[PDB]
Every structure is written in structure tokens, then in C-alpha cells.
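Peer 1: Handing you a structure now.
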Ligand SMILES: Nc1nc2c(ncn2[C@@H]2O[C@H](COP(=O)(O)OP(=O)(O)OP(=O)(O)O)[C@@H](O)[C@H]2O)c(=O)[nH]1
Ligand SMILES: Nc1nc2c(ncn2[C@@H]2O[C@H](COP(=O)(O)OP(=O)(O)O)[C@@H](O)[C@H]2O)c(=O)[nH]1
Ligand SMILES: [Ca+2]
Ligand SMILES: [Mg+2]
Ligand SMILES: [Mg+2]
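Protein chains in written order, with this note's numbering: chain A, 1 to 440; chain B, 441 to 867.
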């Protein structure tokens, strides 16, 4: 059992969903029509990949996923795309009018019209579960749906499913691909509203991903397609422990124990390696030591920040492919005597390690080289607060003049919600500061 | 005098299975449950651990417990997986998430009654039940949290029976999660009150032995469990084979425990060997005696020279000169008499058993009640305090209904235990 239900909200959530589920299918040998030849138990099973796929009597493996967007044109492409047979039509939910980069419309005006239908379809997946573990929620910070509707959904999910675990993959805005001037507003509002209702959230800085595509894959002007294929690899690495089995395999929930010292401190920093082109990977093998050392190059992080100027509260290494503990231990011992790695004084310094022997996979016609071994580091660093600081500053610049605020007030919101949300962010920045101070 | 065995959680079931594997071979019992041995010594007291079944089949008096089916499914498909009574497999589905509270108060409380039904069913078959032995870790959720819950409830229903445990202590050198010191401290509190005998099996010591002594660059849990199964076989030898000394769990307790709370033992073993690595040279008796007393052979990462022995039980196995044994045993005490308390006369007792373990022509198992064990609890207390002073990772516990006060009490009681051990070190 231990089923996980994925919920993809808004354009960013949906399109990243497309990348992830395409990638999962290739990893598990699932065809676009949903058939899986290697799977001999027809109509059901207790295998590890069943945490993410349900099975029909006809042998179809169906994603435990819901796609939601307040406008139809993004999900329509799924309905008519390569993997359209993969999803039951009821898993793909669309309204007629989007939130127009407005949190208020996503949470209230437009969102309230479809929220009940969404919860009903989610309920239908959950009742098929024999032991539901929790939810994985994909969304942008900047969009009106990604911000507004997500926070509404997360609130409602806490009511309907109690303390059942809820994880986030949140797309943090970058100006190179930004769509709205008000994305700082939407970011602060959804972060404030979802904070109590999320157990663990993996932020993905679009600029971090943008830079990696430019620097490591030599993509002059990365598209969402370039970004999402890279993002899906990090997501795959994180969910791999749920979808595969193995002796040295460590469940994501075990890492979670280490990553979250306090409820509000639940934002791990992700760092992935190797990201390399076919051209460069040719006749060049990246060893365990090399990819592990790459995890401490800030250029490889999913979020722009400097952990070297912060303190660690946890360090997890999630390997996949040709990797054995001996090489990991050797690589770690080398790194600790050469990197700027400093822990807070109230936490142990040991690195927690997981290994999935299933090697990395790449999507056809993709920019990433196929490698024998990869690693995703999940660390809890005070430095990730830098991402909050940058967003909060941009928020302050506009809110001081109340720029664009009338678009929110016009949809029923009050200025008190802005100030309340900003105060919570200030407390959160202070929290990350407090945990880094030495004990008395 | 029957013993009821219980194994709880991942660690508990993994060493528990290995234990039944090892002693089944010693008693000539195959995975089918059939006897195929050449000595009658093997069957004389086989009733202590095994129930007799149809076709003269022997079935372990063992109860397997976990809050998830993973590890127990591995046991059932393991080497001697079929020997176990299938009805004695009692498992939940939710797991404990390395959380003491989940094992003790919520998830485990839901399952514990089912376990006690099996314990009770086994106990009434017993002609004269002497007690229980539990195998578990203290660093996780099930074995630590639910295991101590089981102990408390067994004591309620069998308050005049002996409770014994093999308790694996957590170590940062071999660590799954950061909250192991929390789980362990809460568990030690339970153990101090509700067991008569606890074998402290330190993962720190097991790691160091594998690395420093056995020259294993990167030891696994499988390697660590080679040492545990070897130790467990030895400390139960006097219970499984005919003899006059420490033959039941109560007489062992009366000889090993001068004060009720001070019942945490350091196990030792010689010769130390790694898996597969064949030994060709049999140790002399002086060598066995010297090694079994050396810190490098202790299964608890404590320096015995930093404390004093209250009581000692030693068991030599194999074909040897019992006169040479008594000579060497007397020499250790007479050469290092300072490390034995003078106010317990003749506190070292020795047994001998003709049957050696598998692969060795002779061996010695050590069971010491030393005040030096405080170093183990002090170590846990320091790791506990480092996090607790900032109330770090506590939300995992308060979320299951626990209050901070309960941590404070557990902390205080373990520090009391430490000071009690210190009291007799300077007597
Ligand atoms: N990485 C990545 N980011 C995306 C993608 N699509 C949109 N974004 C980012 O998401 C933010 C805009 O939010 P959207 O998800 O597009 O808007 P929405 O969720 O549909 O909400 P609406 O306003 O109602 O349309 C911008 O910062 C974009 O850069 C994508 O496919 N991949
Ligand atoms: N010696 C040994 N220790 C183990 C084993 N498995 C887990 N541990 C230790 O026990 C603690 C984890 O507890 P675990 O048994 O996995 O939790 P549980 O399944 O909820 O009871 C850690 O300190 C581990 O180092 C094992 O097979 N052998
Ligand atoms: Ca199947
Ligand atoms: Mg949209
Ligand atoms: Mg475990």
C-alpha cells in the first residue's frame, strides 16, 4: 500500500506533471497506453510502483494523480497528447476562466466554483487506496491558480484528511520567465496560507534551473520544456524511494524525520548532480566522489542561496544507480575536510544516506546525458531563507505604494491579509535566524 | 522452565531471527523443525525455548511483532523462516516512523492486545513458565516504544515472572535518524523499572569491533548481527544446556543484580571473528580468558577500567581443562582485584559447557555488571540534551499527544541511574 496522490495545480504544476509522469513511465517500463508487460499481477498488486500507479482489470497502469487548472488550454494538450490514454478523463479537471495572476481570484472568486468538484475527484482516488500515505502538490508561487487555488485546496485537504501528510513542489518565480509583476504578492500570500497545512515543501527556483540549463547543458534560451525535464529528474530522485525497493533504500519519510526540526522549518534545499550534456559526458565517467562533491557547488542547487554563509540542520544524500556505501563514505570523508560545512550546535553532523540501484533515466530527445549514477542532496540550511528575503523585499517595494493592491481588493480581499501574510514571513525569516544561533 | 521469546521491530526481528537460526543449529533442529543431532545433550533442555509438536517436531516459543510487515516478511522467507509458528506473526501496517510515541501511545496501543493474546496462548501451554525475553532496538519506534509498552503490560499480567531483554543501543556511527537518543532515553526509563535483566548491546561497540579489530572497512547490519547472534547464543547457553550455575532466569538475576535498578549488563565474547573468515587456530584457555575481559571484546562501548565489576558470569564452551579454566579465572581476579568490588565476596562465577558453537572449537562468553556501564547512559544523555535544550525534533512527539514534561522525567531518571552506578564505583 502506502499510496501517494499527486495533485498538479495551474500551468506550472500541470506541465511539470507531464514531465514527471512521462519520466515515471519510462522508469517503470509503462507504455503510453498504460500497459506494463513486466507486471504479471493483472488488475492490482502490492509492488513499489503501485504507490504511484493504480491498476485496471484491463492491465492499464493509471497515475494516482489529479490535474487541475482554471483554464482549459494547458490540460487540453494532455487530453490530446502522447499520454492521453494514461489518464481517466475525470482526473483532468478544467474551468473556463483562469485567475489572471491574481491570488484572490484563485482562492476566492473563480476557485470556489470548482473546489468541491476537485475534492470529489480526489476523494475518488483516495477511496481506491488501502493505506494512503499522503499528497504531493505541484504548483507555482506566481500564478493566480498556483498560488490562490493551491492554498484553498491545502486548507480544504487539512479538513477532509486531518493530519495526513502533504508535500509541496513549489515553483519560485524568476524574472527570466516571469509572467506577472505581482508574483511577489501571490508568493507571500500562498506561503503564509499554506504554511500551517504543509509538512514539507521543496522549492524550485526557476532562475536556478534556468542558469543550470544555460551553463551545464549549453541551452542559449531555456524553455519551460528545458526546465521541466530537469525538474522532473530532481522530483524523480526524491520520489524514487517510494516507487522502488532495495536493501539500501531509505524511505522519504525517514529523511523527513531529519529534515524538519520544527514544523515551520520544513523547506529543504535540493542539489542535483550530474547535470551534463551528451557531448561532455562522452568518454567521461563521473564517479561517486565527483557527483557527491558537486552537491556542495552552489551552482547546482535548485534554489539560489549560499549555504557556505549559513548553518546546516540536516544533510541527506539520495543516490541512484551504480553506487555502493564504501564509495559514498570515502567521498563524504573527503568532503568534510575540504568544504565549508558547519552544523548548528544542537544537531548531529552525520550525513543520512539512501541508495536506489535503479539507474537514472532520460526522456528521448532530451538535453541531459544518460549517466550510470546520480545523486540528489536534500539539506536543511538557514541559507534557504535568502529566497524568502529576496521575495519579501520585492513585496515591500510595491506594497509601500499599494501598487496593484486594488486588483486584490476588488476581488474581496483586505489589506489586512497582505500585512498579516507579510508579518508571518518576517517571523519565518526570524525563525531561520533563531535556529542558527548557538545554544546558551 | 519455559521461556517465552518476543522480537519487536526491524532490529528486534532481524537479530531475533538470527538468534533462532544459530541456536536451532546448536540443538540440531533443521528449518523443517526436525531434530537431526548426534548428542542427547542437545535435547535435554530444549523445552526451555521450543514447543514439542506432531511428528516430534520442535517449534520455537517465539512471538514476532512489528508495526509494518516488511521485515517480518523477510523473516518468513529467510533460512529458518518456516520454523516459526505462523499464528505468532502479529503485525500492523502503519509503521512507527522511528517514533517512540507512535510505538508506545498511538499506533502500538492499537496492536498490543493482539500480541498479548498470543503471549497468553503460549504461556498456558507452559508447565512452569519462568519468564520472557525480548529482542529489540531502543533507537526506533516499534521495538523501542511498543516493546516497552509490551513489557509494561506483560508485567501487569505476569508480575511474578522474570523479564529479560536484549536491547540494542543507538550510536551516531550506525544511525538511522537524529531522534534515536530521544527514543532510547524514553526506553531506558521503562527498562530501569520493568526488567530484571538487560543485555546492553551497543551498536557503537559492534561497529568499532568490526572496523578496528575485524578489519571490516564498511560493516553492514549483517556484520553487526554476526556478533549479536554469537553473544546471544553464549549468554543463553546456561539456560539451554544442562548445568548447575545460572540455569534459569531467576537464579541468574539473584546472582547478577545486587540492586534492582542496576541490572544492565555488558556482554563480552571471545574469540572475535568476522563472517566467513575461517579460524584454524584454537585459542588457549589463557587467551580466551584475557580476550573475553578486554574492552575490545565488550559489546558495550564502555571502558571496564573506568568502573568496577559488581558481578560477573562467565561461560566457557568446548573441550578444555576445567582446572586450567578455574586457574585462569582466579588469576584475573587476583591480578586485577581492584576492578572487583570487595564488598561482594566471590562475585565471579564460571560455567563450562562441552558443546562449542559452530565454527569454533572453543569460546568464552562474558556477562559483566560493571559500574562503567554509566558511560553508555551518559553518552545517550549528552546526545539527548544537545537537542532537547532547543526542543528540537520534539514536534514529532507532541503530535502524538506527548508532553515535554515526560521527556524531562525520562532525562532525570537516566541521570539518576548514572549517579547510582557512580555511588558504588567509589564504595
Ligand atoms: N518551471 C516551470 N515554471 C513555469 C511553468 N509554467 C509557468 N511557470 C511559472 O509559473 C509562474 C506563473 O504561474 P502559472 O502556473 O503559469 O499561472 P497559473 O498557475 O495557471 O495561474 P493563472 O494566473 O490562473 O493562469 C511564472 O513564474 C512562470 O515562470 C513551467 O512549465 N515550468
Ligand atoms: N544491530 C542492528 N541494529 C539495527 C538493525 N536495524 C536497525 N537497527 C538499529 O535500531 C535503530 C532503528 O530502530 P528500528 O529497529 O529500525 O526501529 P523499529 O523497526 O520501529 O523498531 C537504530 O539505532 C539502528 O542502528 C539491525 O538489523 N541490527
Ligand atoms: Ca500488478
Ligand atoms: Mg494558467
Ligand atoms: Mg529501521
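No residue lacks a Cβ here, since even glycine has one placed at the ideal position from N, Cα and C.
How would you call residue 90 of chain A, buried or exposed, if buried means at least 16 neighbouring beta carbons within 10 angstroms?
Peer 2: exposed
Peer 1: Verify the CB distance criterion: does residue 847 of chain B have a CB-CB separation below 8 angstroms to chain A?
Peer 2: For residue 847 of chain B, the answer is no, since every Cβ of chain A falls outside 8 angstroms of its Cβ.
Peer 1: For a contact defined as C-beta to C-beta under 9 angstroms, what are the partners of residue 347 of chain A on chain B?
Peer 2: 618, 826, 827, 830, 832 and 833
Peer 1: Since residue 228 of chain A and residue 179 of chain A are thought to touch, with beta carbons under 8 angstroms apart, how far apart are those beta carbons, to the nearest angstrom?
Peer 2: Going by Cβ atoms, the distance from residue 228 of chain A to residue 179 of chain A rounds to 15 angstroms, so no, they are not a contact pair.
Peer 1: Please report the distance separating the alpha-carbon of residue 49 of chain A from that of residue 28 of chain A.
Peer 2: 7 angstroms
Peer 1: Assuming contact is defined by CB atoms lying nearer than 8 angstroms, are residue 621 of chain B and residue 446 of chain B in contact in what I supplied?
Peer 2: no
Peer 1: Roughly how many whole angstroms lie between the Cα atoms of residue 221 of chain A and residue 207 of chain A?
Peer 2: 12 angstroms
Peer 1: What residues in the segment 252-266 of chain A have a beta carbon less than 8 angstroms from any beta carbon of chain B?
Peer 2: 253, 254, 257, 258, 260, 261, 262 and 263
Peer 1: Do we get a CB-CB distance below 8 angstroms when we pair residue 836 of chain B with the residues of chain A?
Peer 2: Chain A contact via Cβ: present.
Peer 1: How would you call residue 331 of chain A, buried or exposed, if buried means at least 16 neighbouring beta carbons within 10 angstroms?
Peer 2: buried
Peer 1: Skipping 5 residues on each side, what residues in its chain have a beta carbon closer than 6 angstroms to that of residue 669 of chain B?
Peer 2: 458, 459 and 462
Peer 1: Which residue from A/125, A/261, A/149 and A/124 puts its Cα closest to that of residue 110 of chain A?
Peer 2: A/149
Peer 1: Using 8 angstroms as the limit for Cβ to Cβ distance, is residue 533 of chain B near chain A?
Peer 2: yes
Peer 1: Note down, in chain order, all residues in the segment 118-138 of chain A with a beta-carbon under 9 angstroms from any beta-carbon belonging to chain B.
Peer 2: Those would be 130 and 131, in chain order.
Peer 1: Within the continuous alpha helix (DSSP H) that includes residue 406 of chain A, where are the two ends?
Peer 2: 405-409
Peer 1: I need the DSSP call for residue 31 of chain A, collapsed to helix, strand or coil.
Peer 2: Collapsing the DSSP output to three states places residue 31 of chain A in coil.
Peer 1: Could I get the ranges of all uninterrupted beta strand (DSSP E) runs contained in the segment 17-99 of chain A, with 3 residues as the minimum, in chain order?
Peer 2: Counting only runs of 3 or more, we get 53-55, 61-63, 65-69 and 92-94.
Peer 1: Consider the C-beta atom of residue 94 of chain A and the heavy atoms of ligand 4; say whether any pair is separated by less than 7 angstroms.
Peer 2: no
Peer 1: For the alpha helix (DSSP H) holding residue 838 of chain B, just list the boundary residues, first then last.
Peer 2: 835-838
Peer 1: Can you grab the Cα-Cα spacing for the pair residue 644 of chain B / residue 612 of chain B, in whole Å?
Peer 2: 8 angstroms
Peer 1: Taking 7 angstroms as the cut-off, is the C-beta of residue 450 of chain B nearer than that to any heavy atom in ligand 5?
Peer 2: Yes, since a heavy atom of ligand 5 falls inside the 7 angstroms radius drawn around the Cβ of residue 450 of chain B.
Peer 1: Measure the Cβ-Cβ separation of residue 813 of chain B and residue 753 of chain B and say whether it is below 8 angstroms.
Peer 2: Against a cut-off of 8 angstroms, the Cβ pair of residue 753 of chain B and residue 813 of chain B comes out as no contact.
Peer 1: Specify the secondary structure class of residue 10 of chain A as computed by DSSP and reduced to three states.
Peer 2: Of the three classes helix, strand and coil, the one that applies to residue 10 of chain A here is helix, per DSSP.
Peer 1: Since residue 737 of chain B meets chain A, which of its residues come closer than 8 angstroms, beta carbon to beta carbon?
Peer 2: By Cβ distance, chain A contributes nothing, its closest Cβ being about 25 angstroms from residue 737 of chain B, past 8 angstroms.
Peer 1: For the segment 501-529 of chain B, enumerate the residues whose C-beta is nearer than 8 angstroms to any C-beta of chain A, in chain order.
Peer 2: none
Peer 1: Could you tell me how far apart the beta carbons of residue 53 of chain A and residue 4 of chain A are, in whole angstroms, since I believe they sit closer than 8 angstroms?
Peer 2: Contact doesn't hold; Cβ gap of about 10 angstroms is too wide.
Peer 1: With distances taken from CA atoms, which of A/186, A/252, A/383 and A/338 is nearest residue 99 of chain A?
Peer 2: A/186
Peer 1: Compare the C-alpha of residue 553 of chain B against each of B/473, B/704, B/589 and B/730 and name the closest.
Peer 2: B/589
Peer 1: At the level of alpha carbons, what is the spacing between residue 731 of chain B and residue 235 of chain A?
Peer 2: 52 angstroms
Peer 1: Measure from the C-beta of residue 329 of chain A to each C-beta in chain B and report whether the shortest distance is under 8 angstroms.
Peer 2: yes
Peer 1: Near residue 164 of chain A, which residues of its chain fall below 6 angstroms by C-beta distance, leaving aside the five closest residues on each side in sequence?
Peer 2: 134
Peer 1: Name the DSSP bridge partner or partners of residue 252 of chain A?
Peer 2: Paired residue(s): none; residue 252 of chain A is not in a bridge.
Peer 1: Considering only the alpha carbon of each residue, which of A/319, A/392, A/436 and A/347 lies closest to residue 357 of chain A?
Peer 2: A/319
Peer 1: Count the other C-beta atoms from every protein chain shown that fall within 10 angstroms of the C-beta of residue 6 of chain A, then say buried if there are 16 or more, exposed otherwise.
Peer 2: With a 10 Å radius around the Cβ and a threshold of 16 neighbouring Cβ atoms, residue 6 of chain A comes out buried.
Peer 1: Please list the partners that residue 162 of chain A has in chain B, where partner means a Cβ-to-Cβ separation under 7 angstroms.
Peer 2: Ordered by position in chain B, no residue passes the 7 angstroms Cβ test against residue 162 of chain A, which lies about 11 angstroms from the chain.
Peer 1: Could you tell me the distance, in whole angstroms, from the CA atom of residue 218 of chain A to the CA atom of residue 94 of chain A?
Peer 2: Taking the straight line joining both Cα atoms gives about 36 angstroms.
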